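One-letter residues, chain by chain:
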Number of protein chains: 4
Amino acid sequence: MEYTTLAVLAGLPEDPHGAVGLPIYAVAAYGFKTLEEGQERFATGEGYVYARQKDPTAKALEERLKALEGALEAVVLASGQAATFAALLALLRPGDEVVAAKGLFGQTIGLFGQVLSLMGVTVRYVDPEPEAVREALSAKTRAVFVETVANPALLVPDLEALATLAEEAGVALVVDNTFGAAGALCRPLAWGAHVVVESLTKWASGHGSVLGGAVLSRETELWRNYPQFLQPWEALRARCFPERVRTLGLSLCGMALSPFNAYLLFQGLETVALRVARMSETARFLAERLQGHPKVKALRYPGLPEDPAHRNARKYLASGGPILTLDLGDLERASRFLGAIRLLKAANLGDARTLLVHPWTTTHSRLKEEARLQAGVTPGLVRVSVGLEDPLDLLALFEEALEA
Amino acid sequence: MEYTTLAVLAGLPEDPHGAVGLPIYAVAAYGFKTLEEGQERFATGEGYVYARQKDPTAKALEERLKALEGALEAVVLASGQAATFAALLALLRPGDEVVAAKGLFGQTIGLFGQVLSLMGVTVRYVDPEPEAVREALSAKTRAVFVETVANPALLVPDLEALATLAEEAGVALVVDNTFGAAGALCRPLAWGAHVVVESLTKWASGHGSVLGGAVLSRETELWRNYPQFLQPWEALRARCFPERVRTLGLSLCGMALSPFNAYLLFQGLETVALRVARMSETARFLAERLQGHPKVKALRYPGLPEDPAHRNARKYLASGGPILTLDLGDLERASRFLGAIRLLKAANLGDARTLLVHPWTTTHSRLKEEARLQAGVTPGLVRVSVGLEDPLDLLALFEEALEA
Amino acid sequence: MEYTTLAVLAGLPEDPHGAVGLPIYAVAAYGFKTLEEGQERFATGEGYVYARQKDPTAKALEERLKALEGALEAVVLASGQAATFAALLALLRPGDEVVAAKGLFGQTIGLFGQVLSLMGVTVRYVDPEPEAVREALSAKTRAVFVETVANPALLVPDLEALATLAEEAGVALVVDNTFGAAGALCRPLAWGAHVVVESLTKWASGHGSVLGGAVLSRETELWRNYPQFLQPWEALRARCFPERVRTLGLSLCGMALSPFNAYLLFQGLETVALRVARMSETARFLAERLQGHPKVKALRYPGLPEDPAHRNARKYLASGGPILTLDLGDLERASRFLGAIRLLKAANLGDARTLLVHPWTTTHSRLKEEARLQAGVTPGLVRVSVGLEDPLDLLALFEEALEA
Amino acid sequence: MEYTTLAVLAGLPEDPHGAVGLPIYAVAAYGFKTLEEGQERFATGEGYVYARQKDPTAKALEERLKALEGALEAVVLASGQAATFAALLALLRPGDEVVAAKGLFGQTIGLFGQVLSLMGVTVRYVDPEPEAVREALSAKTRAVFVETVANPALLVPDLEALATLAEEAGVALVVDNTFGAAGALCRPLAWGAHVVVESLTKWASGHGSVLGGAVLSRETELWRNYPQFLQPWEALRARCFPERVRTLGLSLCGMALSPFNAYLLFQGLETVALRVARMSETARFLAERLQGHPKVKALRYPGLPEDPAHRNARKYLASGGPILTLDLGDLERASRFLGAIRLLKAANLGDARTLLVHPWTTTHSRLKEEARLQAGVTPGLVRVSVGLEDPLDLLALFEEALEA
Ligand SMILES: *Cc1c(COP(=O)(O)O)cnc(C)c1O
Ligand SMILES: *Cc1c(COP(=O)(O)O)cnc(C)c1O
Ligand SMILES: *Cc1c(COP(=O)(O)O)cnc(C)c1O
Ligand SMILES: *Cc1c(COP(=O)(O)O)cnc(C)c1O
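Residues numbered from 1 in each chain as written, not as in the entry; some residues may be left out. Chains lettered and ligands numbered in written order. Heavy atoms only, no water.

A. Region of interest: the overall build of chain A. Within chain A, the secondary structure is distributed over 15 helices and twelve strands. Its C-alpha atoms give chain A a radius of gyration of 21 Å, within 12% of the compact-globule value 22 Å for 404 residues. Viewed in the frame of its principal axes, chain A has a C-alpha envelope of about 75 × 55 × 35 Å. The buried share among the 404 residues of chain A stands at 69%. Summed over its atoms, the accessible surface of chain A is roughly 12,600 Å², and 50% of this surface lies on carbon and sulfur atoms. Counting 40 positive and 46 negative side-chain charges, chain A places the averaged centre of each group 3 Å from the other. (Helix = DSSP H or I, 4+ residues; strand = E, 2+ residues; numbered from the N terminus. Rg over C-alpha atoms; globule rule 2.2 N^0.38 Å. Buried < 20%, exposed > 50% of the residue type's maximum accessible area, 1.4 Å probe, protein only. Areas by Shrake-Rupley, 256 points an atom, 1.4 Å probe, with all protein chains shown as cover. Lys, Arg positive; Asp, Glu negative; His and termini not counted. Charge placed at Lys NZ, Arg CZ, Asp CG, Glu CD.)

This is the structure in C-alpha cells:
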C-alpha cells in the first residue's frame, strides 16, 4: 500500500461496533475482576491498567506513525521536545558524549545545554557530514544526532552515509524528522537511521492546534552494545530500545500525550501527504519567482537547481519541501518587510496557514550571536513555512511587502 | 474567601465576552504584527507565543490551584510523575543527595531509582520523622521528600517540624500532596513546605479521566542558597524556583499538559472539597463498622482514635481522609475477598467510584519484597479508595465479600 | 442501590479493555463486512451504522439517566429545548391542544407560541392544579405540560393528582424536570408522569459548560390510545413513545447531542446528588437569614415553613431545593442590589457558581408584561441559583449588597 | 482571495492573545455587571448571554462557511438534517407546498414525509428541471428544493435556470449543497439559489468524525413576499431569513451545534478544497478505468464525456466530483462484489477513506421499491465515495473484487 493509502487506514482499531475512526479513551484506569487478573496485567504489561503507561487512542496513533515512517515501533509523548528528551534519556549515561549537527532547533540546543548537562552528557557540535562526524568520534560517543533538514539553514545531511558510519562505530544515528513530516517528505529509518524523533505538532497535526511528539526505531542489532539492555535484549531484541523510551519517558517521567491530542494528530496524518505536496509545490513556485527579485539578497530553497541542499534533497526528500528562507540584507530591511507583509508572523511550522518568522529575534534569540550565525541565522533572514493558500495570492502578498 | 468559594471562582479568566467558564485554547501558536512585537514577547516572556511554554487554559488552572493550595505560584504539567520529576530536576545537580520517606508511591521510587540515578543523584530512604531525617543529612543533601499521607502505609508526617528542620539545614522540604487533594484535605505549604508536587489525576480530577500534575511553591529565601539561581534570584526572588520548573519541565523537556486536560481538571476542582468530604465521611463509617469484623486482621484509617496516624492527622488533615486499608491476613484470603467483592478493582485513586487494589501484586509489584514490606505493603493488604456511593450500600458489599 | 451509588455506576459500558469510564465515540459511521450485514443493521436497528441515529457514548448517558430518573427508556438530544420539542412532536398532530402550566420557562412559551403553532397545536395556559386542568380538558387535549418547580414562581404542582387525572382522561402528563435535577431532587415518573423532559445543561452538567437535554418515559398503556402508535404498539409496547422521539427528534430532525457533550454530562451526573444537596442546604440557610431583612420585600423558598410551595415540596422534592427569589420592591432597588452584589449575574441555572438574574429584563423579557406577571415575574424580583460556595461567604455578599 | 486562501484565514477570531486558531468556548453562559447591561444584551441580541442562541466558536465556523459559499450569512446547527429542517421551518406555514426533486437523500424524504406533514405542508416530487418544476407550481408553492448533485442518481440540476424560475414565481430555491462541499465543488448561491443547506458531516469535516450542518442565504428581495417577515424585513432586509432560522432552529427548537464539533468542522474546511480535488481526480481515474470492464453493467460519473450529468457538471461543478456508482446487474452480483472488496462498507460520504454502500438495502431501505427506483436506486447499484488513498491501490482492489 502507498503512503496516502496507509495514512487513512493504518492504526484504525478493530472496534467492537465497526466504528470507522478512533474513540477517545479519556479514562485513567482499567479494571480487572480478580486479584490474579490484576497481577498478570502488571507482570506482563499486556492489556491495560493505567493511562500513563499506555492507552488505546495513543496506540492507534503509534501504529499509524509506525506504518508511515516504516518503523519497528513508535512511542508517542506529550511533545516533540519530550520525544527528543525521552529517546536520549533511554540511550545515554553520565559521561557519555553526543555528536550533534550545528544547525539544530533552538530548544534542542537548550535541552542539550541545560538538561543533558544535568544527566552528565557532553555534546560536540559539528557540520552534519561524515568526515566531520568521524573526526568527532571518541571512545565515549553514544549517539550522532542530526535533523532531516536543518532549520533554518536548510541543509540536508547525507543520511545513508551517516547511518553507515554510526553502524560501523557502534553508535546510534538519531534523526529529528520533524521536517520530513512523519515520513511523507523523508523516512530516515529507511536509509539506516536507528532512531527518529519528531514534533507531531508541526506538519503531522497540520492545524497549529495541539502538541505531540514521537520516538520510533528500526530493527537493528545495535542495542546489544548498550549495557542498559544487558541488565531486555534477550526478551525483546530490537524492541528493547522503544520499551525503555516507554518506561523512562512515560511510566517514570510521565510525559504522556493526552488522548484528545492523539485523536487530533491521528486525523491530521490523514492529509499530511496531500498538504506537504501542496505546500512544497507552492514553496517551489515562490522560490522560483522571488529568487531574482532585487530586494532579496539570498533565497534558499532545497529544490532550486543551484541550491546547496539540492544534491541531498534529490536523494532523501520527496520534493523541495515546504520551507524556504529570504535574506533581506539586514535587521532594518527584515523589519520593514515583516511589518509590511499581510501574512501571519508566528513561531510554528507546518500549519495550514503560511507563517513567517525572524529567527535572529525569536526562535534563536536565546542563543548567543556566534551560535545564531553557526546555525545559518543572520539579522536579515526571514523563514517562511508555506501553507495551503493560493500560490498567486501568496506571491502577490510577498511582492507587495517587498515594495515596502 | 473559604476553600469552597475559591474553588469555583479562582482562576476564571476575564473573558472579553463575559464567559462564565474557561475557553479551551487548543492552539499551538500566537501571532504578532511586527518583527519588534515578536522580539519583545520572546525577550520578556510576556504575552503568548507557543503553547509548549504557556497557554491561557493551563494558566487558569495554575491560578486556581495557587488559590486552593495557598501558594506563591503553580506550574502544571502532563502528569503527577512529570511534576515530581520537573520539581527535582529544577532543584538538583549531579552529586546531590535526596532524603526521601520510605513509604512512597512506587513510580516515585522507580523515578528515583531509574531516572534520578541518571542525573547523578543518590537517595537515602528514612522514616519521615525529624530525627531520622536529621541523622540522614549530609553536606550534599539538597531536598527532603515526603508524601502528605504515605500510600498505602497511611502515616502522616509531622510537616511543621520537618519544614523547620529543612529551613534550618538550608534544604527544600518537597511534599507530594497528592493525598491532600489540592489543599482540600491538606495544605503543606501552610505548614512551611517549600515545594508541593501532586497528581491532579486523582482527587482534583475526581472522574478517573485524564492525567495532569502540578508543582507549587511558597515565598521563601531558601532559593538564594541554590547556585542555579545565582547564574534569577535578583530578578524574580522566590519566583525563581517555579520559573525554572517551567523552563526545564515545559520549555525544554516539553512535559506540557493538554488544554483539554487543563479544562477537565479545572472543573474537577469545583467539587473537590465536597467530594473529599463525602468520601472521608464514608471512609470513617466503613473504618468504624469493619474494624471489629473477625475476618479483618488489621484496619488502618487515620481518623480512628487509636490509629497510628491519628495524632498527625488531627493536626494536618481536614478529616480522617478518603483512604483506608484492610489486612485479610494473607494472599489467599485477599484473593478470595477481591474476587468476591462486587466493587471495582483498579489502580487509581480519588475517582467517584470506590476502587480496591492489592498493592503487593500491583502498585508495588515492581519493587523487591523488602521494599514492599518497608512501605507497609504485605500479602494480606487491600487498599480502598472510597468514592461517592451510599455508605450502607458500600458496607453491605464489604460484609458480603468478607462472607467469602 | 441508592441514587448516589447508581450515579457513578449506571451506564458504564462493558469496555473490552476494562476501562473505568466512557470512551468518546467521535466517529460518524460504523462499517460492516457484507452487503447482508449492512442490510440487517438497517432493518433491525441493532448495532451501529451512523451517529445521528445512535452512538455508544450517548447510550451510556441514556442508561445512566434512565437509572437515575427510574425510567423505562431515555433519549438524549442537543439541548433541553430540543427534548421538550421532540417529546411534543412525538405526541401531537395538527388540531391537538395542550394544557400547559402558566409559570413556564420563557423559551418553552416561545417554542409553544412560535413553533407548535406551526405544527397546528393550540395551548391553553392554566394554574398547574387538578381542577383548573380538568376544566381545561377538551376532546382535543393530548397532553398536560407542567414543570416540577415553576421557574421563577417556585410553585410545586401536585404531580400525583395531576398524573391520576391525565391517566383518567387518556392524555399524557409531560413534566419538565429540569429543577428536579435528573431525579436527585424529584422523580416525576415515580409519581405517575408519563414523560419527563429536562435540560441537562443545568444541574446534571453542574459546570455551565455544554448543552444537552433528555426525554424519558415510563411503562404505561397510554400510548395504545395514540393513533401514531397504531399505524409500533404491538412490536414495542410502552417503548413505542421513546422510539418515536428517537426517530423524529434524531433520525429526522437531527437534533443530536455531540459525544463530547454526552461525556461531560455523564460525568456531571456523578456529583449531582452531592451538589444539589449542598446548594439546597445553602439556599435554606440564605432563605432563613435573609427573609426578615428590611430591604427584602418578599423571599420565596420552598423549604420555608410558611412558603406557598412548602406543602407540595415536602411530598415531591428531596429538600427545599437550590433556588430562591428576593423581591426588592421595584426595578430601581433590584438594579442597585444587582449592580452592588459581588456575585455573578448570568442566565443559567445549576452551575457550581451562585448566579443571580432579573427575570423581568432577561429570562422573561421576550414576553409581554401580563405574561411576565402571570409567571410570577415582577420588576422587583431577583432569582438566585445557589452554587457550591461557603454559605457564610455568600450571606456576607448578600448583606453587603442590600446595604446599597 | 481564492477559496484555498479563504479556507485557512476566514473566520479566524481577533484573539486578545494573538492565537492562531480557534479557542473552544465550552461555556453555557456569559455574565454581565449590571441589571442594565443584562437587559441591553437581551434587547439587542448583541454580545453573548447563553450558548443555545450563539457562541464565539460556532460564529467563527459561520464566518468561514459564509466566505467559502460566498453567502450573506451562515447559521450552524447540530446536523445536516437539523439545517434542512430549520431552513424549511423558517420558510413554511401550514397549507404551503414544496416542490422537491425526486432523487433526494432518504432522510430528507423521511423528514418531508413524517415531519413536514406535521407542520401541514405537502410535497410534490418532480424531475429537478425547469419545465417539470413550472408545471408543478401552484398558488401555494413556497419553495423549490433540490440537491446540487442527486444522490445516488448523480444528476446535476440546471441551477441558474431553476433560480431564474423561482425568482420569477416569488418562491425560494433551496439547494442542498452537501455534494458541493461547502463551495469547494459548487456554490449554488452564486447561480441565484436563495438558500443553501448542507451536512458539514460529510466533505467539510473530512474525517467521518462529528455531525454539523449549515444554513446560508444570499442578499435578495424575496423575503419581502413572505408574511412572517412582515409581522423584520425593515429592520434586517435580506438578513431577516437567517435571523429567523436562528431564532426558530436554535433559540426555540435548540438544535445547537457543540463548540467541540464547530472546532473540528472549522479545521476540516482548511483542507476541503485539496481533499475534494484529490478525491475527484481519483474518482475520474476509477470511472475511466472501470467503465469498460465486462462485470460493470453501467458506471455513472459526472465527468465522463458521455455521462448524462456531464452537461450540467461542466457548468456548475469545479470537477467531475468525488462520487461514482457501479451497477453490478443485480442483488446477487452486488453482494459478491461488496463481500469481496477489501474496502470499507459504511453509510457516510466525504470521509478520507473510500467507502462503498448498497443504497437499495441501506441508505434507501426505508423507502418503498417505487421510490427507490425513482431515485435511481436499483438492486445492482453500488455507490462509491472516493477517499484520499492511492488511485492505483484503489483500482487494484476494485479489479480484484470484480474477479469475485
Ligand atoms: C517544533 C520542533 C520540535 C519540538 O516539538 P514540540 O511539540 O513543539 O515540542 C523539535 N524539533 C524540531 C525541528 C521542531 O521544529
Ligand atoms: C498517582 C500518583 C502520582 C503520579 O501522577 P500521574 O498523573 O498518575 O503521574 C504521584 N504521586 C502519588 C502519591 C500518586 O498517587
Ligand atoms: C434552561 C431550561 C430549558 C432548556 O434547556 P437548554 O439545554 O438550555 O435548551 C428547558 N426547561 C427549563 C426549566 C430550563 O430551565
Ligand atoms: C448526510 C446528508 C444529510 C444530513 O446531514 P447529517 O449531519 O448527517 O444530518 C443531508 N443531505 C445530504 C445530501 C446528505 O448526504
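B. Up close: the site of ligand 1. Around ligand 1 sit 14 residues, and of these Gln81, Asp176, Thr201 and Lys202 of chain A together with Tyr50 of chain B come closest. At ligand 1, the nearby residues belong to more than one chain, namely chains A and B. The separation between a nitrogen atom of ligand 1 and a polar side-chain atom of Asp176 of chain A is 2.7 Å. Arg52 of chain B places a side-chain nitrogen or oxygen 2.9 Å from an oxygen atom of ligand 1. In the complex, the protein chains occlude 99% of the 380 Å² of accessible area that ligand 1 would expose alone. (Near = heavy atom within 4 Å. Polar contact = N/O pair within 3.5 Å; in protein donor to acceptor, adjacent residues only side chain to side chain.)

C. Broad picture of the pairing of strand β3 (residues 122-126) of chain C. Here five bridges tie strand β2 (residues 97-101) of chain C to β3 of chain C, and the two strands are oriented parallel to one another. Its bridge partner lying in β3 of chain C, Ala100 of chain C is registered against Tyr125 of chain C. (Pairing = 2+ DSSP bridges.)

D. Structural context of the site of ligand 4. Lining the immediate surroundings of ligand 4 are 14 residues, of which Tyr50 of chain C together with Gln81, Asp176, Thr201 and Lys202 of chain D lie closest. In this structure, ligand 4 is bordered by residues of chains C and D. Within the contact set of ligand 4, a nitrogen atom lies 2.7 Å away from a side-chain nitrogen or oxygen of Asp176 of chain D. At a separation of 3.1 Å, an oxygen atom of ligand 4 approaches a polar side-chain atom of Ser199 of chain D. In isolation ligand 4 exposes 380 Å². Once the protein is present, 99% of that is buried.

E. Focus on helix α9 (residues 240-252) of chain C. Residues and elements named next belong to chain C. Taking burial as the measure, the 13 residues of α9 include eleven buried ones, the bulk of the element. Among all positions of α9, only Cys240, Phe241, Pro242, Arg244, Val245, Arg246, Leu248, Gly249, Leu250, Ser251 and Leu252 are buried. Two residues or fewer after α9 comes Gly254, characterised by a positive phi angle close to 65 degrees.

F. Structural context of the relation of the copies chain B and chain A. Superposition of chain B onto chain A requires a rotation of 180 degrees combined with a translation of 0.0 Å along the rotation axis, giving an RMSD of 0.0 Å. Both copies of the chain, as the preceding transformation shows, are related through a two-fold rotation axis. Residue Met119 of chain B of chain B places its C-alpha closer to the rotation axis than any other residue of that unit, at 2.1 Å. A shared interface surface links the copies, since 100% of the contact residues of chain B are contact residues in chain A too. (Least-squares fit on C-alpha atoms. Contact = heavy atoms within 4.5 Å.)

G. Quick peek at the interface of chain B and chain A. With 71 residues of chain B at the contact, the number on the chain A side is 71 residues. Buried surface at the junction of chain B and chain A, summed over both partners, amounts to about 5,300 Å²; 66% is from carbon and sulfur atoms. Contact with chain A buries surface across chain B, with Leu35, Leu118 and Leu252 of chain B losing the most and accounting together for 14% of the total. Applying the counting criterion to the chain B and chain A interface returns zero salt bridges. (Buried area = accessible area lost by both parts, 1.4 Å probe. Salt bridge = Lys/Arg side-chain N within 4 Å of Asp/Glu carboxyl O.)

H. Here's a closer look at the relation of the copies chain C and chain A. Laying chain C over chain A is done by rotating through 180 degrees and shifting 0.0 Å along the axis; what remains is an RMSD of 0.0 Å. Of the interface residues in chain C, 100% have counterparts in chain A that sit at the interface too, so the contact is made through matching surfaces.

I. Layout of the domain arrangement of chain A. Residue and element names in this part refer to chain A. Segmenting chain A into domains produces domain 1 (1-270) and domain 2 (271-404). Domain 1 and domain 2 are separated by 28 Å when their C-alpha centres are compared. Across the contact, 39 residues belong to domain 1 and 41 residues belong to domain 2. Between domain 1 and domain 2, roughly 3,200 Å² of surface is buried when both sides are summed, and carbon and sulfur atoms account for 63% of that area. (Domains from an automatic or database assignment.)

J. Molecular detail of the sheet that holds strand β2 (residues 97-101) of chain B. Residues and elements named next belong to chain B. The mixed open sheet is built from seven strands, whose spatial order is β1-β7-β6-β5-β4-β2-β3. The open sheet has two edge strands, β1 (73-77) and β3 (122-126), and neither has a second partner. Direction aside, neighbouring strands of the sheet carry axes that sit 20 degrees apart on average. Bridge count between strand β4 (residues 141-147) and strand β5 (residues 172-176): five bridges; the pairing is parallel. (Axes fitted to C-alpha atoms, helices over the stretch in contact; angles between N-to-C directions.)

K. Here's a closer look at the packing of aromatic side chains. Considering all chains together, one arrives at 42 aromatic pairs over all chains under this definition. Pairing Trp223 of chain C with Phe241 of chain C gives two aromatic rings, centres 4.7 Å apart and planes at 15 degrees, and the pair type is stacked. Each member of the pair, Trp223 of chain C as well as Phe241 of chain C, is classed as buried. Through successive ring pairs, a cluster of aromatic residues spans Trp223, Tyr226, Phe229 and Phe241 of chain A. Positioned above the aromatic ring of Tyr48 of chain B, the side-chain terminus of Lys54 of chain B is 4.7 Å from the ring centre. One cation-aromatic arrangement involves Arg64 of chain D over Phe266 of chain D; the distance from NZ or CZ to the ring centre is 3.6 Å. (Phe/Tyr/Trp six-rings, centres within 6.5 Å; stacked < 30°, edge-to-face > 60°. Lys NZ or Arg CZ within 6 Å of the ring centre and 35° of its normal.)

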